[PDB]
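Beneath this line is the structure, given in structure tokens, with notes to follow.
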Amino acid sequence: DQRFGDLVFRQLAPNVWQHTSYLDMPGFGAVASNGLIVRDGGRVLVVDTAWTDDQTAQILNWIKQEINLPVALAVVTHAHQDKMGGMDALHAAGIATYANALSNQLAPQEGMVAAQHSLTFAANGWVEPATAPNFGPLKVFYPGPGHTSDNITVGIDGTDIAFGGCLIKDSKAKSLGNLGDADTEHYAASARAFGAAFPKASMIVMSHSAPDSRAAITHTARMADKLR
Amino acid sequence: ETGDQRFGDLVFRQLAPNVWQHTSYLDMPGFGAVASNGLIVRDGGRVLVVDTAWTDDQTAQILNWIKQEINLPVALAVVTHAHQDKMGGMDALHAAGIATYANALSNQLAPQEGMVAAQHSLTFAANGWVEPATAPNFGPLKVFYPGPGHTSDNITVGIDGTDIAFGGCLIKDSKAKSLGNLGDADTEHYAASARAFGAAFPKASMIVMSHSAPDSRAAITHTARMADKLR
Ligand SMILES: O=C(CS)Nc1ccc2ccccc2c1
Ligand SMILES: O=C(CS)Nc1ccc2ccccc2c1
Ligand SMILES: [Zn+2]
Ligand SMILES: [Zn+2]
Ligand SMILES: [Zn+2]
Ligand SMILES: [Zn+2]
């Protein structure tokens with residue numbers, strides 16, 4: 001764990017790091033959110049902002065210091081503040097941003113800045129390549145509604161890593177923290193679909209837990225089974 | 001009502017010179033017959049369908065009524081989410097040679113829901129309007145994804161050249177007491193999605209919906225106000 005400003009960075013693989021940012025909430029301090037940073041040849045790719053613009057600027061600052069390669073694009077995994085709260089820092093820096101079309105449609109209602117480009121998905125959940133050109137190792141998959149209607153996931157090609165975002169919680173989790181915008185009928189199938197889409201991922205990275213094994217997927221699905 | 005026609009178990013009501021509502025019924029134990037409405041649109045030399053009936057056999061009845069009453073080929077159908085009242089009859093559409101379209105997400109959910117997927121997937125811009133390249137030759141059908149509400153995948157359809165907009169199961173009429181939301185509803189965004197449908201078709205004065213007879217725009221307002229209370 002490397003501290004840099006108020007953020008934490010953890011190398012997960014030779015070309016992959018987890019970024020972690022924290023926000024005090026009423027009655028619960030320092031709520032963590034994780035995203036990813038990926039080195040792809042001569043460029044860097046980001047998955048998710050931090051909670052705030054200032055924190056997301058610090059992600060860019062850490063990249064400059066520790067990797068020193070331009071950030072070519074970012075993908076954000078749904079329209080909540082932990083994932084899209086720092087869009088302005090990316091746009092200020094000229095970084096192209098991508099999100100599920102539905103995330104961009106929800107953004108204004110959620111008080112988020114929309115990404116500059118929209119991803120669309122085939123009926124099997126895989127991103128349409130016309131909408132995700134030149135994504136390098138980021139393999140984007142829409143698993144179905146679960147945590148939200150718009151949640152998307154990202155496999156990191158060539159590594160053991162798949163990012164479930166806020167859809168997956170770790171195997172020690174006690175609840176899904178599902179809310180009005182969760183789809184409790186389909187959550188379990190969407191969680192299993194993420195697992196089936198990245199069948200050889202052995203390190204599951206998540207927004208609100210430290211990385212876990214594939215048991216995080218199964219444990220999350222089994223919790224969701226009870227919500228139907 | 002005077003003017004409604006019957007073919008088998010189906011009821012048809014003409015709403016405008018080139019638009020009819022189709023109504024089919026499914027018996028639900030303890031409650032009885034539940035109506036579901038869709039649309040039939042005559043577009044020059046062809047017919048376009050919005051939504052199947054609850055079953056394959058009921059959907060075949062729609063197509064046979066079209067042949068008898070309109071006698072133009074059915075070019076395509078749009079279906080408005082992956083529930084049985086809207087997609088229960090996909091096999092019948094396919095057997096009749098009708099090209100079918102649904103939200104990509106509807107096609108992704110269809111297998112989990114016991115439904116057959118449409119042959120083609122519609123995708124949507126960030127402003128909700130369908131991407132034209134996914135909706136070829138749709139004529140007067142203007143397809144709009146208003147956001148999550150009744151389900152994550154619910155879509156809506158305005159009929160150009162008419163005063164009609166179809167809210168499917170997202171919109172209930174101005175006399176409705178509840179929304180009937182289940183685990184797949186998005187109760188946080190439902191209200192804004194209903195209002196977005198109204199804003200997408202701001203001149204429509206006849207609102208058609210799946211589970212109420214046609215209403216004024218009060219159906220949109222009342223639906224959104226009911227949804228406000230679920231947040
Ligand atoms: O995590 C997300 C988006 S997935 N949002 C929040 C919002 C408020 C919270 C309050 C206390 C603890 C965690 C919280 C997490
Ligand atoms: O099954 C669907 C799919 S949207 N819709 C309805 C609509 C109204 C109903 C009323 C009583 C019982 C079941 C009902 C089911
Ligand atoms: Zn979230
Ligand atoms: Zn989150
Ligand atoms: Zn429905
Ligand atoms: Zn319905």
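Identifiers in the structure tokens: chain A, B, ... in order shown; residue index from 1 per chain; ligand index from 1 in order shown.
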
Would you tabulate, counting only C-alpha atoms, all residues of chain B that have an atom at most 6 Å from an atom of chain A, showing the closest pair of atoms and their distance in Å to one decimal, sorted by chain then ascending number, as a Markdown table?
| residue | atom | partner | partner_atom | distance |
| --- | --- | --- | --- | --- |
| B:104 | CA | A:123 | CA | 4.9 |
| B:107 | CA | A:123 | CA | 5.4 |
| B:108 | CA | A:123 | CA | 4.6 |
| B:126 | CA | A:105 | CA | 4.7 |
| B:127 | CA | A:105 | CA | 5.9 |
| B:152 | CA | A:149 | CA | 5.6 |
| B:183 | CA | A:184 | CA | 5.0 |
| B:184 | CA | A:183 | CA | 4.5 |
| B:186 | CA | A:181 | CA | 4.5 |
| B:187 | CA | A:180 | CA | 4.9 |
| B:188 | CA | A:180 | CA | 5.1 |

Go ahead and write the residues just picked, N, CA and C atoms, as a PDB file, in the first residue's frame.
ATOM      1  N   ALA B 104     -31.538  -4.197 -26.491  1.00  0.00           N
ATOM      2  CA  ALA B 104     -30.531  -5.223 -26.254  1.00  0.00           C
ATOM      3  C   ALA B 104     -30.699  -5.848 -24.876  1.00  0.00           C
ATOM      4  N   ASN B 107     -33.316  -8.457 -24.774  1.00  0.00           N
ATOM      5  CA  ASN B 107     -32.846  -9.714 -25.350  1.00  0.00           C
ATOM      6  C   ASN B 107     -31.909 -10.450 -24.402  1.00  0.00           C
ATOM      7  N   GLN B 108     -31.101  -9.708 -23.613  1.00  0.00           N
ATOM      8  CA  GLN B 108     -30.234 -10.327 -22.618  1.00  0.00           C
ATOM      9  C   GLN B 108     -31.051 -10.956 -21.488  1.00  0.00           C
ATOM     10  N   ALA B 126     -27.252   8.432 -25.246  1.00  0.00           N
ATOM     11  CA  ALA B 126     -27.314   8.901 -23.871  1.00  0.00           C
ATOM     12  C   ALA B 126     -28.507   9.801 -23.600  1.00  0.00           C
ATOM     13  N   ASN B 127     -29.135  10.347 -24.638  1.00  0.00           N
ATOM     14  CA  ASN B 127     -30.347  11.143 -24.480  1.00  0.00           C
ATOM     15  C   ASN B 127     -31.614  10.293 -24.571  1.00  0.00           C
ATOM     16  N   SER B 152     -35.631  -2.309 -15.893  1.00  0.00           N
ATOM     17  CA  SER B 152     -34.459  -1.627 -16.400  1.00  0.00           C
ATOM     18  C   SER B 152     -34.531  -1.437 -17.905  1.00  0.00           C
ATOM     19  N   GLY B 183     -39.403  -6.608  -7.793  1.00  0.00           N
ATOM     20  CA  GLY B 183     -37.982  -6.463  -7.494  1.00  0.00           C
ATOM     21  C   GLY B 183     -37.159  -5.862  -8.610  1.00  0.00           C
ATOM     22  N   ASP B 184     -37.629  -5.968  -9.850  1.00  0.00           N
ATOM     23  CA  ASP B 184     -36.932  -5.442 -11.015  1.00  0.00           C
ATOM     24  C   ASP B 184     -37.292  -4.013 -11.348  1.00  0.00           C
ATOM     25  N   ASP B 186     -37.010  -0.002 -10.804  1.00  0.00           N
ATOM     26  CA  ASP B 186     -36.065   0.971 -10.253  1.00  0.00           C
ATOM     27  C   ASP B 186     -36.910   2.070  -9.630  1.00  0.00           C
ATOM     28  N   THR B 187     -37.119   2.001  -8.323  1.00  0.00           N
ATOM     29  CA  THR B 187     -38.012   2.939  -7.664  1.00  0.00           C
ATOM     30  C   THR B 187     -37.330   4.265  -7.396  1.00  0.00           C
ATOM     31  N   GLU B 188     -36.005   4.332  -7.555  1.00  0.00           N
ATOM     32  CA  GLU B 188     -35.336   5.615  -7.432  1.00  0.00           C
ATOM     33  C   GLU B 188     -35.553   6.482  -8.667  1.00  0.00           C
TER      34      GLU B 188
END

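The residues sitting within 6 Å of ligand 6, with only C-alpha atoms and all ligand atoms considered, come out as residues 85, 169 and 210 of chain B.
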
From CA of residue 72 (chain B) to CA of residue 168 (chain B) the spacing works out at 24.6 Å

- Residues within 12 Å of ligand 2 should be enumerated using only C-alpha atoms and all ligand atoms and returned as a ChimeraX atom specification. /B:24-37,51,53-54,80-88,113,149-151,153-154,167-172,176-182,184-185,209-212

List every residue of region 86-191 of chain A that DSSP, applied to the backbone of this structure, places in strand (DSSP E), and write the result as a ChimeraX atom specification.
/A:96-100,117-119,138-141,153-156,161-165

Margin query: Please return, as JSON, numbers by chain, all residues of region 73-163 of chain A that DSSP assigns to alpha helix (DSSP H) on the basis of the backbone.
Written below: {"A": [81, 82, 83, 84, 87, 88, 89, 90, 91, 92, 101, 102, 103, 104, 105, 106]}

Would you mind exporting the chosen residues as a PDB file, in the first residue's frame, restricted to N, CA and C atoms?
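Saved the output as out_10.pdb:
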ATOM      1  N   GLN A  81     -21.461   8.352  -7.203  1.00  0.00           N
ATOM      2  CA  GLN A  81     -20.413   9.335  -6.960  1.00  0.00           C
ATOM      3  C   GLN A  81     -19.035   8.694  -6.819  1.00  0.00           C
ATOM      4  N   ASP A  82     -18.969   7.469  -6.304  1.00  0.00           N
ATOM      5  CA  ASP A  82     -17.677   6.819  -6.157  1.00  0.00           C
ATOM      6  C   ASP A  82     -17.019   6.485  -7.489  1.00  0.00           C
ATOM      7  N   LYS A  83     -17.794   6.349  -8.557  1.00  0.00           N
ATOM      8  CA  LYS A  83     -17.326   5.900  -9.852  1.00  0.00           C
ATOM      9  C   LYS A  83     -17.216   7.036 -10.861  1.00  0.00           C
ATOM     10  N   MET A  84     -18.035   8.102 -10.718  1.00  0.00           N
ATOM     11  CA  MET A  84     -18.110   9.193 -11.675  1.00  0.00           C
ATOM     12  C   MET A  84     -17.968  10.543 -10.995  1.00  0.00           C
ATOM     13  N   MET A  87     -15.242  13.103 -12.677  1.00  0.00           N
ATOM     14  CA  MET A  87     -15.128  13.228 -14.125  1.00  0.00           C
ATOM     15  C   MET A  87     -14.424  14.515 -14.531  1.00  0.00           C
ATOM     16  N   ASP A  88     -14.712  15.615 -13.837  1.00  0.00           N
ATOM     17  CA  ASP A  88     -14.153  16.899 -14.259  1.00  0.00           C
ATOM     18  C   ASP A  88     -12.633  16.865 -14.299  1.00  0.00           C
ATOM     19  N   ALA A  89     -12.002  16.158 -13.356  1.00  0.00           N
ATOM     20  CA  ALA A  89     -10.547  16.114 -13.360  1.00  0.00           C
ATOM     21  C   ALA A  89     -10.045  15.430 -14.630  1.00  0.00           C
ATOM     22  N   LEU A  90     -10.768  14.408 -15.111  1.00  0.00           N
ATOM     23  CA  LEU A  90     -10.355  13.748 -16.343  1.00  0.00           C
ATOM     24  C   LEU A  90     -10.556  14.656 -17.540  1.00  0.00           C
ATOM     25  N   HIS A  91     -11.736  15.293 -17.627  1.00  0.00           N
ATOM     26  CA  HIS A  91     -12.015  16.149 -18.769  1.00  0.00           C
ATOM     27  C   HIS A  91     -11.098  17.360 -18.766  1.00  0.00           C
ATOM     28  N   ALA A  92     -10.775  17.888 -17.578  1.00  0.00           N
ATOM     29  CA  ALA A  92      -9.873  19.033 -17.512  1.00  0.00           C
ATOM     30  C   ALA A  92      -8.526  18.685 -18.120  1.00  0.00           C
ATOM     31  N   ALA A 101     -24.045   3.915 -22.025  1.00  0.00           N
ATOM     32  CA  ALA A 101     -25.005   4.943 -22.430  1.00  0.00           C
ATOM     33  C   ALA A 101     -25.993   5.237 -21.314  1.00  0.00           C
ATOM     34  N   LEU A 102     -26.487   4.194 -20.654  1.00  0.00           N
ATOM     35  CA  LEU A 102     -27.455   4.405 -19.590  1.00  0.00           C
ATOM     36  C   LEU A 102     -26.838   5.182 -18.433  1.00  0.00           C
ATOM     37  N   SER A 103     -25.565   4.932 -18.135  1.00  0.00           N
ATOM     38  CA  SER A 103     -24.894   5.724 -17.100  1.00  0.00           C
ATOM     39  C   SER A 103     -24.845   7.194 -17.488  1.00  0.00           C
ATOM     40  N   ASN A 104     -24.542   7.479 -18.750  1.00  0.00           N
ATOM     41  CA  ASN A 104     -24.559   8.865 -19.193  1.00  0.00           C
ATOM     42  C   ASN A 104     -25.965   9.464 -19.137  1.00  0.00           C
ATOM     43  N   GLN A 105     -27.005   8.675 -19.432  1.00  0.00           N
ATOM     44  CA  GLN A 105     -28.366   9.181 -19.317  1.00  0.00           C
ATOM     45  C   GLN A 105     -28.744   9.462 -17.862  1.00  0.00           C
ATOM     46  N   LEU A 106     -28.303   8.603 -16.933  1.00  0.00           N
ATOM     47  CA  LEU A 106     -28.597   8.795 -15.512  1.00  0.00           C
ATOM     48  C   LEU A 106     -27.770   9.913 -14.891  1.00  0.00           C
TER      49      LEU A 106
END

One decimal place gives the CA of residue 171 (chain A)-CA of residue 36 (chain A) separation as 20.2 Å

Who sits within 9 Å of residue 196 (chain B), only C-alpha atoms, same chain under 2 positions skipped, as a PDB file with C-alpha atoms, in the first residue's frame:
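Result file is selection_24.pdb:
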ATOM      1  CA  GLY B 128     -32.628   8.070 -24.683  1.00  0.00           C
ATOM      2  CA  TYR B 145     -35.709   4.608 -23.788  1.00  0.00           C
ATOM      3  CA  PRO B 146     -36.839   6.832 -20.909  1.00  0.00           C
ATOM      4  CA  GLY B 147     -34.639   5.313 -18.221  1.00  0.00           C
ATOM      5  CA  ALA B 191     -40.544   9.132 -11.515  1.00  0.00           C
ATOM      6  CA  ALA B 192     -37.898  10.789 -13.709  1.00  0.00           C
ATOM      7  CA  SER B 193     -38.290   8.068 -16.339  1.00  0.00           C
ATOM      8  CA  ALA B 194     -42.037   8.615 -16.527  1.00  0.00           C
ATOM      9  CA  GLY B 198     -43.680  12.742 -21.410  1.00  0.00           C
ATOM     10  CA  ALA B 199     -40.910  15.156 -22.405  1.00  0.00           C
ATOM     11  CA  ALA B 200     -39.842  12.959 -25.333  1.00  0.00           C
ATOM     12  CA  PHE B 201     -43.356  13.106 -26.828  1.00  0.00           C
TER      13      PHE B 201
END

Using only C-alpha atoms and all ligand atoms, find each residue with an atom at most 12 Å away from ligand 4 and format the answer as a compact mmCIF listing (two decimals) with N, CA, C and O atoms, in the first residue's frame.
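Produced file pocket12.txt, reproduced below:
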# COMPACT_ATOMS: atom_id res chain seq x y z
N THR A 20 -7.48 3.74 -4.50
CA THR A 20 -8.46 3.77 -3.42
C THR A 20 -8.57 5.21 -2.92
O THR A 20 -7.55 5.84 -2.58
N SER A 21 -9.80 5.67 -2.82
CA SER A 21 -10.14 6.99 -2.31
C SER A 21 -11.21 6.84 -1.25
O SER A 21 -11.93 5.83 -1.20
N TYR A 22 -11.28 7.83 -0.37
CA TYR A 22 -12.09 7.73 0.84
C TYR A 22 -12.96 8.97 0.97
O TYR A 22 -12.53 10.09 0.70
N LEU A 23 -14.19 8.76 1.45
CA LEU A 23 -15.11 9.85 1.71
C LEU A 23 -15.78 9.64 3.06
O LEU A 23 -16.31 8.56 3.31
N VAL A 31 -15.14 6.02 4.00
CA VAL A 31 -15.67 4.95 3.15
C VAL A 31 -14.78 4.80 1.92
O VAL A 31 -14.62 5.75 1.14
N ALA A 32 -14.22 3.61 1.74
CA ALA A 32 -13.29 3.38 0.65
C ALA A 32 -14.04 3.05 -0.65
O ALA A 32 -15.10 2.43 -0.63
N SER A 33 -13.47 3.50 -1.77
CA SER A 33 -13.87 3.06 -3.10
C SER A 33 -12.61 2.77 -3.91
O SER A 33 -11.69 3.61 -3.93
N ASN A 34 -12.63 1.64 -4.64
CA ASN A 34 -11.51 1.20 -5.44
C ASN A 34 -11.83 1.29 -6.92
O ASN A 34 -12.96 1.01 -7.35
N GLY A 35 -10.82 1.67 -7.70
CA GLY A 35 -10.81 1.48 -9.14
C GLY A 35 -9.46 0.94 -9.58
O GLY A 35 -8.68 0.47 -8.76
N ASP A 48 -12.73 3.84 -13.41
CA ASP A 48 -13.42 4.60 -12.37
C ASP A 48 -12.66 5.81 -11.88
O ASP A 48 -11.44 5.81 -11.78
N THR A 49 -13.42 6.87 -11.61
CA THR A 49 -12.82 8.00 -10.92
C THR A 49 -12.73 7.69 -9.43
O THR A 49 -13.14 6.62 -8.97
N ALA A 50 -12.18 8.64 -8.66
CA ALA A 50 -12.33 8.68 -7.21
C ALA A 50 -13.64 9.40 -6.87
O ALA A 50 -14.40 9.83 -7.74
N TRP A 51 -13.92 9.52 -5.57
CA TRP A 51 -15.17 10.14 -5.17
C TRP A 51 -15.28 11.58 -5.64
O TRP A 51 -16.38 12.09 -5.86
N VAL A 76 -15.83 4.29 -16.78
CA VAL A 76 -16.46 4.41 -15.47
C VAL A 76 -17.66 3.49 -15.42
O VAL A 76 -18.36 3.31 -16.44
N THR A 77 -17.89 2.88 -14.26
CA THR A 77 -18.68 1.66 -14.26
C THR A 77 -20.12 1.80 -13.78
O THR A 77 -20.84 0.79 -13.81
N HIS A 78 -20.56 2.97 -13.32
CA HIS A 78 -21.97 3.33 -13.25
C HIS A 78 -22.08 4.73 -12.66
O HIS A 78 -21.09 5.31 -12.19
N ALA A 79 -23.31 5.27 -12.69
CA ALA A 79 -23.55 6.68 -12.33
C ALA A 79 -23.83 6.85 -10.83
O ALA A 79 -24.91 7.23 -10.39
N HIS A 80 -22.79 6.57 -10.04
CA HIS A 80 -22.78 6.90 -8.62
C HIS A 80 -21.49 7.66 -8.35
O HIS A 80 -20.55 7.60 -9.14
N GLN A 81 -21.46 8.35 -7.20
CA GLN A 81 -20.41 9.34 -6.96
C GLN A 81 -19.04 8.69 -6.82
O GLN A 81 -18.02 9.32 -7.16
N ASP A 82 -18.97 7.47 -6.30
CA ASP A 82 -17.68 6.82 -6.16
C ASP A 82 -17.02 6.48 -7.49
O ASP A 82 -15.80 6.33 -7.51
N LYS A 83 -17.79 6.35 -8.56
CA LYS A 83 -17.33 5.90 -9.85
C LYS A 83 -17.22 7.04 -10.86
O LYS A 83 -16.42 6.94 -11.79
N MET A 84 -18.03 8.10 -10.72
CA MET A 84 -18.11 9.19 -11.67
C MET A 84 -17.97 10.54 -10.99
O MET A 84 -18.07 11.57 -11.68
N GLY A 85 -17.72 10.58 -9.70
CA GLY A 85 -17.66 11.86 -9.00
C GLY A 85 -16.51 12.76 -9.43
O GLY A 85 -16.59 13.98 -9.22
N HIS A 147 -26.66 -4.25 -8.93
CA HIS A 147 -26.46 -3.13 -8.03
C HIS A 147 -27.20 -1.90 -8.55
O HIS A 147 -27.87 -1.20 -7.77
N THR A 148 -27.09 -1.64 -9.83
CA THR A 148 -27.92 -0.65 -10.52
C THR A 148 -28.32 -1.23 -11.87
O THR A 148 -27.89 -2.33 -12.25
N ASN A 151 -24.83 -0.90 -14.16
CA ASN A 151 -23.51 -1.37 -13.75
C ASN A 151 -22.82 -2.19 -14.85
O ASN A 151 -23.41 -3.08 -15.45
N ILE A 152 -21.55 -1.87 -15.08
CA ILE A 152 -20.71 -2.62 -16.01
C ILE A 152 -19.46 -3.12 -15.28
O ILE A 152 -19.12 -2.68 -14.17
N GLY A 164 -15.33 -6.24 -10.79
CA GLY A 164 -16.76 -6.28 -10.62
C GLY A 164 -17.40 -4.99 -10.18
O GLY A 164 -18.64 -4.89 -10.10
N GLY A 165 -16.60 -3.98 -9.87
CA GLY A 165 -17.15 -2.73 -9.41
C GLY A 165 -18.00 -2.94 -8.16
O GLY A 165 -17.62 -3.67 -7.23
N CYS A 166 -19.11 -2.24 -8.10
CA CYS A 166 -20.00 -2.30 -6.94
C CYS A 166 -20.99 -3.45 -7.03
O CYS A 166 -21.73 -3.67 -6.07
N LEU A 167 -21.00 -4.20 -8.13
CA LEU A 167 -21.90 -5.35 -8.23
C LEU A 167 -21.47 -6.49 -7.31
O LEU A 167 -22.32 -7.19 -6.74
N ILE A 168 -20.17 -6.68 -7.14
CA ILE A 168 -19.62 -7.79 -6.37
C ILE A 168 -19.07 -7.26 -5.06
O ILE A 168 -18.45 -6.19 -5.04
N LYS A 169 -19.35 -7.97 -3.97
CA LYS A 169 -18.81 -7.70 -2.65
C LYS A 169 -17.98 -8.91 -2.25
O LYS A 169 -18.13 -10.00 -2.83
N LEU A 176 -25.77 -6.73 0.63
CA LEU A 176 -25.50 -6.14 -0.67
C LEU A 176 -25.65 -4.62 -0.68
O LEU A 176 -25.21 -3.98 -1.64
N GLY A 177 -26.23 -4.04 0.37
CA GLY A 177 -26.48 -2.61 0.36
C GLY A 177 -27.26 -2.24 -0.87
O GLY A 177 -26.91 -1.28 -1.57
N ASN A 178 -28.28 -3.04 -1.19
CA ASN A 178 -29.18 -2.75 -2.28
C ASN A 178 -30.26 -1.78 -1.82
O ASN A 178 -30.65 -1.74 -0.65
N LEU A 179 -30.76 -1.01 -2.78
CA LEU A 179 -31.44 0.26 -2.59
C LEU A 179 -32.50 0.26 -3.69
O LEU A 179 -32.67 -0.75 -4.36
N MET A 206 -13.03 -5.14 -6.57
CA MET A 206 -14.36 -4.66 -6.25
C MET A 206 -14.25 -3.25 -5.71
O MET A 206 -13.19 -2.83 -5.25
N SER A 207 -15.37 -2.53 -5.73
CA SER A 207 -15.29 -1.15 -5.28
C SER A 207 -15.11 -1.03 -3.78
O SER A 207 -14.45 -0.11 -3.32
N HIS A 208 -15.75 -1.89 -2.99
CA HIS A 208 -15.87 -1.64 -1.56
C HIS A 208 -15.34 -2.77 -0.71
O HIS A 208 -15.67 -2.84 0.49
N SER A 209 -14.51 -3.62 -1.28
CA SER A 209 -13.75 -4.62 -0.55
C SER A 209 -12.38 -4.71 -1.19
O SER A 209 -12.21 -4.38 -2.37
